[PDB]
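Participant: Can you keep this structure in mind? I'll have questions shortly.
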Amino acid sequence: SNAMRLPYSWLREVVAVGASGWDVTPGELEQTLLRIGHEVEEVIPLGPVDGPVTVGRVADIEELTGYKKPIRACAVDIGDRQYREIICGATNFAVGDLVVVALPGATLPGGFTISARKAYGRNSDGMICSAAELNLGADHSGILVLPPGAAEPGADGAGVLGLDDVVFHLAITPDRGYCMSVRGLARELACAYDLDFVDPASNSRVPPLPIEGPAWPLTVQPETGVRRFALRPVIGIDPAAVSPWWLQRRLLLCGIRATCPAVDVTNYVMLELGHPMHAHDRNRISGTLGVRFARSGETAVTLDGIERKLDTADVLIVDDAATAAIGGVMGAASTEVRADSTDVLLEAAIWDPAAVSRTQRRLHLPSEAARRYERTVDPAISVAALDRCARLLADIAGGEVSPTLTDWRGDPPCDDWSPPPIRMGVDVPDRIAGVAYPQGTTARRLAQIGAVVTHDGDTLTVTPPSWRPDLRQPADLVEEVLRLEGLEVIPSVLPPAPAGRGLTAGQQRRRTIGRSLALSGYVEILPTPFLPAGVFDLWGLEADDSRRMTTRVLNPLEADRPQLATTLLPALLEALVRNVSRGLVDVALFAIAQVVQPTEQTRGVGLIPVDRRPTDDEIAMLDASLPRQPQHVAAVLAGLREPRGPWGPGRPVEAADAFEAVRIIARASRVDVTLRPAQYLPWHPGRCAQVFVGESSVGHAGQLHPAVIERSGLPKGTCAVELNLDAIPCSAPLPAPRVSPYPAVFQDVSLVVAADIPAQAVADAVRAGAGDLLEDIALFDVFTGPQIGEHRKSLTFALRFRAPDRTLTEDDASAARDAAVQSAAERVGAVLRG
Amino acid sequence: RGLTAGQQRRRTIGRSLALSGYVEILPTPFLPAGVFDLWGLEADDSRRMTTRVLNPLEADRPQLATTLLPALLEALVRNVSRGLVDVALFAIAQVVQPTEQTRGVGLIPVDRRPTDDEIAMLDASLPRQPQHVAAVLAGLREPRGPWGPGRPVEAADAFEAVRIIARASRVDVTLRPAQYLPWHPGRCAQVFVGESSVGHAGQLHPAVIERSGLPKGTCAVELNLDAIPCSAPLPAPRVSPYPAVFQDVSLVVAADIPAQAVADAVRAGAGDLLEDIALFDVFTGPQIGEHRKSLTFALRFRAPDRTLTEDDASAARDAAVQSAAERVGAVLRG
Amino acid sequence: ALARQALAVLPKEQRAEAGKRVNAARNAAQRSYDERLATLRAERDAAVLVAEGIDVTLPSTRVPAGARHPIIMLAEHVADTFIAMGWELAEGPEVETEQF
Amino acid sequence: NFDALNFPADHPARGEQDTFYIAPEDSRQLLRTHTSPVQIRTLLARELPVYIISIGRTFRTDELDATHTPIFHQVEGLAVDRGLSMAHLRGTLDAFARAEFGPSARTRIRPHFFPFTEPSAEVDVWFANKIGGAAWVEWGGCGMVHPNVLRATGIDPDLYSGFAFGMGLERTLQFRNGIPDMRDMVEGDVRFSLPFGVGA
RNA sequence: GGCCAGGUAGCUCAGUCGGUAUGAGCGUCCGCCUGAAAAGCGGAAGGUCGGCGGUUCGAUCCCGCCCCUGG
Ligand SMILES: Nc1ccc2ccccc2n1
Ligand SMILES: [Mg+2]
Ligand SMILES: [Mg+2]
């Protein structure tokens, strides 16, 4: 879309007009183009060939019958008195055609040495070469046929083809549309090398043709954005004429195939000057030519014979009968030039770049004319390109240039296409670059690119040329001076940054969380934001589940995965399947990333004027139109949690390991969490816990549902955990511990509760009743023997009592233990073990 | 430029040890009264070459610390004596180690900057002050609970603390049996990085524990962080999309052969096809032989460009068995 | 399934009607299996809802409690404050010369 | 993402970048293609001077191969102050490259285009331990903040100037360590993360 | 946008233009074996042949539409 192919010989020729004898190596030229801001994607030299590679003429053709494909035994005239007998499998040539022959002893590109062979019962004293075999073009179907008059038989093939040339593959930035021609690139090289430049579109190089009257009646609708529309006819062209070899070759090296002279002229002038041209068969035009917007439901058939559904924003060229062209994109098949065309009407127009860009993108037609118009084409060279086309086409096709010319330039007619002048201080490029440029550097460089510079004290007044509409502000003028002087002259100075505050509390908490999980045996992954296809259906979620309210992507990489992630688990479970399915069956993955949870249907905010700062009310409006993106931490586990070794066979992953991951994230976040049983897919309803920080729910953890594991192809007993980090308040506790120098009292309490009673609820009740004397409590026994009734369990806690100012007695600790036993009896129905 | 590589490493060592169940303490530089006599060190022990303080707070404790262990073991005694019997402490601080008698440097004119020779002469007159990391453990390493009765502290826990420090320092370490007080000669390991000795670890001597009033089975670690070089490796792994081949091999060696030496010999012989090797069985008995042991390793082979046949993996396994035979005298179990 | 592959050896004029009998038997056993799969799956889903309940509050940390010293933590926080302002961390020996 | 950063409407400077748009069509909601919208968000909220970096995920419609990934991470740089110049941008890029490629890292800036910078440039790097031979490889884009961007945030371009840069973390990790397949950097195989150690 | 070639077991891939993919290598499982393993020998399981429809008594195979990859 932004490519620019051109051979160095053509580029050197245009530069050499103003700088005679200018010549550089392809390596140096690539460095210069890069130094001024032209990305060189490729540098491909032609050939190389060695030995006898000569131009020949097919004087006879014998069809060798009795094979798979048509095999031809050809008598080729290579310039001497002995015709060579060549065997060839191509069928794209006839008797009398000029071809390129590689004789025995030649070496084609690729190290292929040519010699005589015994092919198809006959001898092959060489071969007829194709464009691909000579490293000239991409054509490999048939052999290369030079146009008649390209050379005489016996001429050096490398010279006629110009195989010492080098084609340059450029990637032009969208701000330098003027560089999509030999004219612009040569002008850039003249600036970089401080050369005198002769504009190939100037009136000296393209002298104006006579203007004796209108060429064709034309009506232009001005609100279509057209800035110029010129027409000039060329009558009596020879239908049998073809373009010379130098023209067809330069088109080939630029990536354009030659068809007929009329079209070859327009494509050649487009490459030379940057102004797209089109040739209409004037004998097929019926009545007044009209430039207007397309109507609703209107269609048109282009050069390729494809019907195009047009939009009311598309600009058209029409006559009384049909549409003639999709403005700035492609002409129509009604006025196209074919074999019997004798009178042509050349069209030189300047279209609105936005209108062409919209139309070409809707119709998917990025033609050579479209990509140039959408990047603005110089409107001051329209007649010059028109006259260059007429004179060159009449010269090749043996026609006559009509002295008529229609040139619509707007209402009123515009005779000055200069952008508005720009005022800028003479030292502004020096301040932005931090470089003291020599006296007059700014004014010198700005005149080089073609601008008019006047001096008003210390302030310059710069009027950019018509082919540089990208120069609208002093910053644009600064880039011109800086890039031509070379960015390498800018020194390296560290900025005066002020004292910062460093990482935030949330940024530091994430570091601690990832460090703790990795140190605890977890492996970090990067979760993809695109959800898997139908994952929530595999999870068995309700149709109104909050996780299903997703944001969709219009153009995803995979059409079956457009929705964004409302939870980090599907991405982690997908990475877990990858590891398990490749030999790593004992895995523990974790991820820290944001999720996308819309709060409403997707709504957009209109364009706010950029010319000013948006007020805080509109900022709050743009933020409210965005889905909530909270920070989440999640992890999944499968297989062995503890690896096997000399100690034992290892421990498989269980739900308690997911709960331990919660306690690790809690400890890394300096908060206290409580775990309460909950039912929440895709977890096992009997092995699932809802995590709470105080009274706020922050996530879930435990073992996944066995049906979800089956439907998702996960390993058996896979556990998961997910927490909302933004739901956890950032805490910075300042503890003030006072160590007691007095001994402690150790006691164990055994309580019998129902099986459904959580063990933490028993410890919370024992702690609440014991009082301040309780220093530490730890559960170390859960007994469910036959002495304990059914659906009941015995829990034994290790209590440690210590006073801050005295030594306790056993009755002192037993008093707090009894009060703790009474509290457990009231809160969890505990019974002292008997 | 922010923190230096060493300073960043010291934070990682402190974070990793704390997350592994160790509690940081601040060690006092003044040695306990006759601590080396309680350790039973020889009179020519390099640690006995201490720098003495002229005016100490305690007249019986005037020597400065050549090792971090006496201060950590002293803090370990305080915790156990106050009801905290299951305790794991650690400390990261510098020690002092003179290479000669305390030599002073005369006054240098303050009216000017001392030259670089005078600065180097002032630094040479000071004892060597390298930064050490050390840890002590006693009682239960794993606390009891609903899972089971817990595991007491053993020498392997001190070796694991070395590996925790090595993983934090992004370096590889090798353990070799050594006799070095106050460690138990049968439960002591000398830590090496490359070919440089960096410290010792393991269970303490029973006589040292008895004379110092320490808990039975006390284990300790001490490394010289300045002896460990800084490293910033730049790995570039390539994940092979081809399936792996699982194989196990049992090898019989002498009892004194460390299991890491057999694993290294298997790695050296298996070649680049070996993706992972893990030891999961140590077996002894009359089927094996006296003063011998059988070690079984789980091998994972994988090629980066093809699927392997069982003969492909068995060839690399046989080359690993042959490498262990030449290196540690291993015999394929039959 | 063995009756399905036996149709390939049958004469062409017989595979039409003999096949029609095979599918009818094939769909008969398949339709009975599909419903039985759903009923047994529904029973499994209903079993985990009323049983298999664990105590999600049981202690899971088998690693003892560890902690860095608060003085080291304060020095760490003080260092991070000055590094964020562009400063660096210098070091010095504890045993110092009287010259310094 | 586009309008506040001087992206022209209906122009190849905006249409060339194929972006993930949020359904329905013409909703003006999209997945970010660069961490550059954080420039706008910072300039409206914070007070001048501003010296911020931003690290986050960015989304492009590129197919996942050995050297490209549709979802990658980018580090954004924005410095707005009184009297900032290209030399201050060059000084920041040199210090950044010296910290991630060693003391032998020397950069090279060549002109380029970005809708939000004028002048715009691309940064190349060169360190001693080059995995693929010592040569110039592309690192990221940079340049001075366009005055139209400052006007769209309420900053006077006559008093305040600023520069910027943007580099991909995924691209930086490749040629620094010599990683072969970028697919392994994102696919989440533990065989890729484990050789790097625990990390802290 | 073109006519094509591809999507096949857990991984990497053969193979079929109507009734069995007598699928391979590695992966999983069983037996002999070992204190417990692996190899070896001897054996099983596992694919709804990319998805949705259609044609057909019956579709990996024939038709249509769609999803994903290379030219
Ligand atoms: N994210 C990003 C990419 C390219 C930039 C170019 C210039 C300034 C800032 C940029 N940011
Ligand atoms: Mg510019
Ligand atoms: Mg496959």
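If you go along the chain as it appears here, the first residue is 1 and each next one adds 1.
The backbone N, Cα and C atoms fix where each Cβ goes, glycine too.
Positions annotated as expression tag by the PDB entry: A:1-3.
Annotation comment: Swiss-Prot describes A:47-158 as domain 'tRNA-binding'. The domain 'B5' annotation in Swiss-Prot covers A:417-492. For A:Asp470, A:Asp476, A:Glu479, A:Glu480, the entry in Swiss-Prot reads Mg(2+) binding site, with the evidence type similarity to another entry. The domain 'FDX-ACB' annotation in Swiss-Prot covers A:740-833.
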Participant: Less than 6 Å between Cβ and the nearest atom of ligand 3 is the rule; apply it to the binding-site residues A:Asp470, A:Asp476, A:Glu479, A:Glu480.
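Facilitator: Checking each Cβ against ligand 3, none of them comes under 6 Å.
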Participant: If proximity means a C-beta under 8 angstroms from chain D, which of A:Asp470, A:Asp476, A:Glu479, A:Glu480 count? These are the binding-site residues.
Facilitator: A:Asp476, A:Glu479
Participant: Count the other Cβ atoms sitting within 10 Å of the Cβ of A:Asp470 (Mg(2+) binding site), across every protein chain shown.
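Facilitator: Summing over all protein chains shown, A:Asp470 (Mg(2+) binding site) has 21 other Cβ atoms within 10 Å.
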Participant: Among the binding-site residues A:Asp476, A:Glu479, A:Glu480, which have a Cβ atom lying under 6 Å from any atom of ligand 2?
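Facilitator: Checking each Cβ against ligand 2, the ones under 6 Å are A:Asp476, A:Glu479.
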Participant: Please report the number of other Cβ atoms within 10 Å of the Cβ of A:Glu480 (Mg(2+) binding site).
Facilitator: 25
Participant: When DSSP states are grouped into helix, strand and coil, how many residues of the domain 'tRNA-binding' (A:47-158) land in each?
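Facilitator: Its residues fall into 2 helix, 44 strand, 66 coil.
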Participant: Restricting to the chain of A:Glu479 (Mg(2+) binding site) and a gap of 6 or more, list residues whose Cβ falls under 8 Å of its Cβ, or answer none.
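Facilitator: Within the chain, A:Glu479 (Mg(2+) binding site) has no Cβ neighbours under 8 Å at 6 or more residues' separation.
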Participant: Looking at Cβ-Cβ distances, which residues of the chain lie under 8 angstroms from A:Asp476 (Mg(2+) binding site) while being 6 or more apart from it?
Facilitator: A:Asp470
Participant: Can you tell me whether DSSP puts A:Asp470 (Mg(2+) binding site) in helix, strand or coil?
Facilitator: coil
Participant: For A:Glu479 (Mg(2+) binding site), just give me the three-state DSSP call.
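Facilitator: SS state of A:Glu479 (Mg(2+) binding site) = helix.
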